[PDB]
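Protein chains in written order, with the UniProt record's numbering: chain A, 101 to 172, 181 to 343, 351 to 381, 384 to 456, 480 to 561; chain B, 101 to 172, 181 to 343, 351 to 381, 384 to 456, 480 to 561; chain C, 101 to 172, 181 to 343, 351 to 381, 384 to 456, 480 to 561; chain D, 101 to 172, 181 to 343, 351 to 381, 384 to 456, 480 to 561.
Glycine included, C-beta positions come from ideal geometry on N, C-alpha and C.
For reference, the structure discussed in these notes is given below.
Protein chains: 4
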Amino acid sequence: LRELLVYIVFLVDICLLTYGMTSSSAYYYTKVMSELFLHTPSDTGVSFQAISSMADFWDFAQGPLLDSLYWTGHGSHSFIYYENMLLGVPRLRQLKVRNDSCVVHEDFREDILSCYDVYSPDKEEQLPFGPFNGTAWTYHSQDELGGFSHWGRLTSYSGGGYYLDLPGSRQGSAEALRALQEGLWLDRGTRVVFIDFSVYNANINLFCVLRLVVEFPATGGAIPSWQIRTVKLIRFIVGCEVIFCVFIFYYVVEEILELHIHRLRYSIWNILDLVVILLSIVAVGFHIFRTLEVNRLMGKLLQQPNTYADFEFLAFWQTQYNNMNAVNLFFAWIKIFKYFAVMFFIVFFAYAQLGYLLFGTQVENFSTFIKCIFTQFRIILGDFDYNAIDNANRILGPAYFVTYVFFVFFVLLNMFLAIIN
Amino acid sequence: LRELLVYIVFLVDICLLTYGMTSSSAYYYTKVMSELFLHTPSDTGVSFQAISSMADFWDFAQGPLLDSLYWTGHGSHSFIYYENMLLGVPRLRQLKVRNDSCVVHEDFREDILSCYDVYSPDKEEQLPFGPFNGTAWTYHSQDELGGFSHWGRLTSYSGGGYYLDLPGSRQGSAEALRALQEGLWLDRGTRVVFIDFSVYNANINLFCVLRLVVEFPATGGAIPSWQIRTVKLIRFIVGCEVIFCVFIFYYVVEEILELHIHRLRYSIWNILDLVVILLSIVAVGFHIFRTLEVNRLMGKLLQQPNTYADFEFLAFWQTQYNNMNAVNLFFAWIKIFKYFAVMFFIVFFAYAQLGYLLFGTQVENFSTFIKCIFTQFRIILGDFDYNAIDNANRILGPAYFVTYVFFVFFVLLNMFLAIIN
Amino acid sequence: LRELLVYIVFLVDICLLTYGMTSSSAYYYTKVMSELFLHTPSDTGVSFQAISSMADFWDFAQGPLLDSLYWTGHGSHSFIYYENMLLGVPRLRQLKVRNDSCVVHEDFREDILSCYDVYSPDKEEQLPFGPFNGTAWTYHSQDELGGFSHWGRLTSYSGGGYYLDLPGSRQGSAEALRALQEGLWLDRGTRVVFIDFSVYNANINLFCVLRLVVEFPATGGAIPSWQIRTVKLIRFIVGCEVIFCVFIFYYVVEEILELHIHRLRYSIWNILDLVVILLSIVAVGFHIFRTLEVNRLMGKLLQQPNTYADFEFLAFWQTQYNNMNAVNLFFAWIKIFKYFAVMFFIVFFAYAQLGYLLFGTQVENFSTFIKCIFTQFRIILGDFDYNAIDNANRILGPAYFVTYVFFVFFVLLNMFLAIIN
Amino acid sequence: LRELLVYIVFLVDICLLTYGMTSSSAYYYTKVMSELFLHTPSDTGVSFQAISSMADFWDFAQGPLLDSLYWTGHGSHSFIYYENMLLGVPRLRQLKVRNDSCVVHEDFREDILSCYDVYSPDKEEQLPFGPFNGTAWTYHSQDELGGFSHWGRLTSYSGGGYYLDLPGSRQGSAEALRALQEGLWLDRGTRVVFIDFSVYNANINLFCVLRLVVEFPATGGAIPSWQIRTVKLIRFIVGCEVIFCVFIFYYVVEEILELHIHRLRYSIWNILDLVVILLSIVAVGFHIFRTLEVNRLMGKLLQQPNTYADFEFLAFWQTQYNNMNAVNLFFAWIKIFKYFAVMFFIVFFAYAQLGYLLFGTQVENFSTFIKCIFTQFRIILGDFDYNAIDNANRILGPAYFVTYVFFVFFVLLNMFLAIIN
Ligand SMILES: *[C@@H]1O[C@H](CO)[C@@H](O)[C@H](O)[C@H]1NC(C)=O
Ligand SMILES: *[C@@H]1O[C@H](CO)[C@@H](O)[C@H](O)[C@H]1NC(C)=O
Ligand SMILES: *[C@@H]1O[C@H](CO)[C@@H](O)[C@H](O)[C@H]1NC(C)=O
Ligand SMILES: *[C@@H]1O[C@H](CO)[C@@H](O)[C@H](O)[C@H]1NC(C)=O
């Protein structure tokens, strides 16, 4: 039709555009790259998904990441598999928090005088502490480095300081970090230690970026997380987009001509048009930023080759970019169709609240309030761990469980008997 | 309204009161604290969740709890992570049972003369047995120590004797326990060995208590259990409670004025009022007991610092306290609404009884009668282990299973056909 | 009533009789006893649930069963935990099969001349093969030993020969089995090697028996199985039974007086009476056999203490005895109520047959025809392993799976629409 | 009947024919054979299901496959268990791809000059590269070897070159492969390395074949797969088939006599006849090919015993043969009965597409488009891994999950309310 088949042409263009850079050879690259640094055992046998102390972080960052980064085809650019190059050098930016962040209660004094705190956008340390200026002991601002607010497991973070751009040799990084041990760069009151680098292979034209987080909470310990993102970086790779750039102006006019002479009563198909139109401009804006930044970053590197080229910013934005391409593509696929629970939610969150207060600690599920909707929703499906509800209190755990399951069955049965006719 | 909005004000006060001490930074403290002592391997590789013998308990209590408690910021109060202090010293109270507890049957004599027994509140040993008075070999009563009845995995316990308050140094505790080996303090007929201590950090104001149970049943072996509880201990932290203290007297009067001139016919909303009123007085009584006992326990410790300050009593009562706050909070959330199976249960417990007698041993599920309701109820949901029903007898296991599942489907189908109209 | 309340008295007597010997302290004894021999690692690290070769069976039977049986309270009767005695000595009976059991096909000769076979009640070796008479190299009949037909994993067995009653000392059993290695007692064509012994504790009066099977199939390898059974052995322990003996004669008369003057038309409540009556005589017959055999077996042992007292026979019959007590108890509990699929089964077994022929090997589920009803029934519930259906052929696996699940949903939906009214 | 009972006779003949060679002793042979080479640890502890690097492939192929193939009843034909012979010798055929396969983009030059590629039927290396002619360094065509197109995990393959027929001794294969290391036969740009051999036992007359794939993708790493197939090879074993050969001509005539004088309107029972008739000729053709090829392969081996007898071709065709026997047997069992979703699929594949683009990498499920129908169909059943949807992005993962599950429940509920009457 003159109005429907145009949208199919718009579909197949926006389909072929999203799949334009959809390497079908990416998730095995994520396998090799994830399970080369994460799951590798050390000499004493510590891996990144199973780090919890602090003295073994300095075994992880000297055995399975220093003896797992520097190979010597092979030249001097440190191909990590022999099939993908290390571009730039990693860096280790550390947040800290300060001693008088909050005050201890007066029952405990005289021994417990220094009182660190949970991380907030306030309460950091904008102060140097080490022996002499070496960049790794001096704070640097949020806009001297430009790194966006990382989102870890507990709370968000910022563009913190104390970073150390690594050298590019096996003996060099060991003589850096071993001399960094006795300085105690990881002192008592750290909140996150990052380590960031990235690698690129020729064979399928994919940049993969690797962010490795070792966060030391206020309670103690270490609860690690990783973030491996693998996308195209680059892109006849460009001519399919100039027909896609037409459709934004093609559809905003057909929207506003209905909106210009609109009546005083405007359905959800209008916002269905709007949510897929507004994401398109955000998508097409990112290409210019990529073509500036990727070129700037390799221009920064072919002279002065020992420097951290920051790929994490446009890596995160490229990842949210093709996430947004997936989401507006899905909205386009749903747009092809253009041809009581009040007594349930307030008790649903009540059982969630009961599960959060009973099962506070002792379970790493049920542990914030949101996760007490996701767990308590998975229980409606059938994924549950009763051997850690019954291993928590032994009296109210099963008492919660049996009557919650009977409540779910009662409320799923009650609605249908009067709605069947 | 004048009767409904007051209850919302009562809700938001009782909500903010329960969340007054709801550290959102507690379950990672339970992670670090649990997985620092439980899951730590020894030199020969024994962990607390995987202890079963008796000669390896004395490797667990000399490698991963003696080389995992005494670190040397750092002073002399034994910060276990470098971020949480060891307050007091642990202790090791041991129950025992006596030789003539029950008599062997007459077919077996002449070799099997000593006959220990399952644990009961009777049948203990109120007798010293070691070389000389050192507190670890002499019984102490239930009210010389004051410890409540612990509830282990098999049956309850009492405030038993034989305890050993540990010293506060690395060489000292090793010279204690190594000299305690050749005395054979853990002899043949023990029923529980406890070890209790607790740690507190400044950074978020939480007391976590740790009770570690190694119980040696009448059959032999060891089947360990732990109990880690982590709560506030302390608490402008107090002024939100004086408005909450008003509402008890506010609502008991409005209950009894209906009850004073009551008719001769009193619904379940009355006991709905009663169950949330009666828990409130029990809740507000605990604060005075905390403010006495926490102060007494740190008064006991700043002079004579080498002593066990008993936190387990008010720790258990604080834990049942905020459990009760969760339960009456849930009853308040359910109280916002104030604006045939006879041929199924007797066969349900019959299949439970059949499963208990067929699957007696060989499965650590199905193993008491209650657990044959919880397992045989989980089978209605979908969590089951058919590779240990079929690995038990191979003939009646599947015969039980298939016809029980067909019975559940038949009785879940039969009720709906006549109730649909 | 005069007919109903008598049955309740019969219930409570038959309930208290079955629970007369229902040690509530048995499944932890099965835990300690199972996980003391099964899951124990060797020096080179082989456990009984993970044995598959033949040269490591002789590490399992020299490290974690010879250094895990002989401890030196402690006398000379080999308490294995220090809390349960080793009564008698173990023995190792071996079946074999003969060289000309079946003939190879004529394409393969000249190299493959000896042709052993799958086990049958025929085709054994009633022949000695070792150097000299020592009982371990000479066949013994099915009625020289009296052992019942064991049922292993593949097929049944018989009372085979070649057994070796072990000595009762640490050096003695090692000098037995090490001298038994170079004789090659486990030669190429074995089908089962057993090892049987049993242990008894005073503390709760339970005999546990342990049968450990290492079967070498015709294909090769070893696919082990165990059989641990733990029951009373013994039994004021006897006077509750003389009232139970009354009810057999009480109810057979009331059955036959209805059957003597019966009409020419006899419902399933009659066979409901019969199945619970006929099991009662079988139950009460076993007590006399226990009181003879248990007494005979300890009479065999207090003189000549170095001999295998065969507990496995009445152990198996005691286990099927209290299984039958569970089953007729369940029938009594179901008897308190005395106050199209033709187009589904033939395709059900057809999909079972398709799954057996597609998924023949490569999966240890789906592997006989029966197990292709149990697996293909578990798929209706939700326990399935799609990562070994898709890891078998990759083309017909999912093709079987998706349309079988759609068939199950179609046939579970089709029956209800016409049966709702 | 004269038309129905003939088909039952045809059933029981075609049943007994398919089960004619249905070794009930095959899946334990697959257990021993799979878990003898796959799951065996090396000296440094690498197994075949857990190989990912390249320098540890040369530990897998020198410890747990060179010290796990050559045993020294025992003669000189290398019985691998002592109960199944090694017939022939293994071989190691390697595919490669060439340097100028695709060109790098112009932003990256001067360092990244060699650019290998994903595997295709084009782009190989038909060129020798090693020092001198030894067969292992020279390409051989697809029809010099005759090996069919293997189907690995990523994409299909072909009959590639570079193979090395192994010798038949322990010292010989080690002196082959250790001298093959310094030549670097596994160089940077390999795509698959195969290793193929097969073993046969006398005891139940089964040939099992073993294909072991170590594929090095374009990204790097190694993602291994295996293929173990175990069938009869041979077959009074032949006389049951001459009655089965009658039924093809018996039923094609009864089909075409209906088809010769057929009306101008031909139901799906006709193609139901056709799909079970046409597979029968394909089945009966394979027997002649087996009787030629099995005889040729053992004729190739009794003289010149050090050669690879290719069993993989007729092994794959025998496996698809008894797969086809299972499928037409199932169609025969279904043939005994001869006596809106348009708004669901386009959003079903839309959610699949959203899951493929969100969950591209980071999950080895959800990873191609097809697997986003199999996973997103398993979610309707209940097998899902929410701890890798929530561990992927943390924002859209649960947002996808909750509304997809609510969509599935809404569309499964909506169809029944109007179809109930
Ligand atoms: C941090 O603590 C140290 C003592 O350990 C103290 O000297 C210093 O002044 C404190 N600095 C801040 C910013 O709290
Ligand atoms: C306990 O047993 C010992 C022998 O081991 C005996 O000497 C002692 O009297 C017994 N004591 C009790 C209280 O049973
Ligand atoms: C078994 O095989 C051996 C050769 O290994 C042969 O000497 C002996 O006669 C055979 N015995 C039987 C009973 O098959
Ligand atoms: C492969 O690369 C090498 C350099 O490593 C080069 O000398 C050779 O000519 C290339 N051959 C092909 C076929 O690309």
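Proximal residues of chain A, C-beta to C-beta of residue i below 9 Å
i	result
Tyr129(B)	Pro325, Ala326, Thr327, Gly328, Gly329, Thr501
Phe514(B)	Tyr526, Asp530, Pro538, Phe541, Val542
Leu446(B)	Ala490, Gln493, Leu494, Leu497
Distance between residue j and residue i (C-alpha atoms, nearest Å)
i	j	result
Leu117(A)	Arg534(A)	56 Å
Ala490(C)	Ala558(D)	33 Å
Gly500(C)	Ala528(C)	12 Å
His213(C)	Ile519(C)	41 Å
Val339(B)	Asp530(D)	29 Å
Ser257(D)	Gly268(C)	51 Å
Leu292(C)	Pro325(C)	18 Å
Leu431(D)	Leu409(D)	11 Å
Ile331(D)	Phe240(C)	55 Å
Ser153(D)	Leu288(D)	18 Å
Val106(D)	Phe549(C)	33 Å
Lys455(B)	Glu369(B)	15 Å
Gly416(D)	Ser222(D)	47 Å
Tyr308(A)	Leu314(A)	6 Å
residue 90(D)	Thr144(D)	Because chain D here runs from 101 to 561, residue 90(D) falls outside it and cannot be looked at.
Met193(C)	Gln149(B)	27 Å
Beta-carbon neighbours of residue i, restricted to chain D and to distances below 8 Å
i	result
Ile451(A)	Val487, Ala490
Beta-bridge pairing of residue i - partner residues as DSSP gives them
i	result
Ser333(D)	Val321(D)
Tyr308(C)	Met193(C), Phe315(C)
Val205(A)	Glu232(A)
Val367(C)	Its beta-bridge partners do not exist; DSSP assigns none.
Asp273(A)	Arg199(A)
Under 8 Å by beta carbon: chain B residues contacting residue i
i	result
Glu103(A)	Going along chain B, no residue has its Cβ under 8 Å from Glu103(A), so there is no contact; the nearest lies around 46 Å.
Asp523(C)	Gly522, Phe524, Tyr526
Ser507(A)	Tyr127
Interface partners of residue i on chain D, CB under 9 Å
i	result
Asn554(A)	Simply none; closest approach about 14 Å.
Closer than 8 Å at the beta carbon, the chain C residues around residue i
i	result
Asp219(B)	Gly183, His185, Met193
Partners in chain C for residue i, counting only beta-carbon separations shorter than 9 Å
i	result
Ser125(D)	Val226, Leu262, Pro325, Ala326, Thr327
Per-residue contacts from residue i into chain A (C-beta, under 8 Å)
i	result
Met415(B)	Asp215, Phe216
Under 7 Å from the C-beta of residue i: neighbouring residues of chain B
i	result
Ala443(C)	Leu494, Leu497, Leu498
*For ligand 3, which residues have a Cβ under 7 Å from at least one heavy atom, in chain order?*
Those satisfying the condition are, in chain order, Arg206(C), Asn207(C), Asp208(C), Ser222(C), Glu233(C), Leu235(C), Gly181(D).
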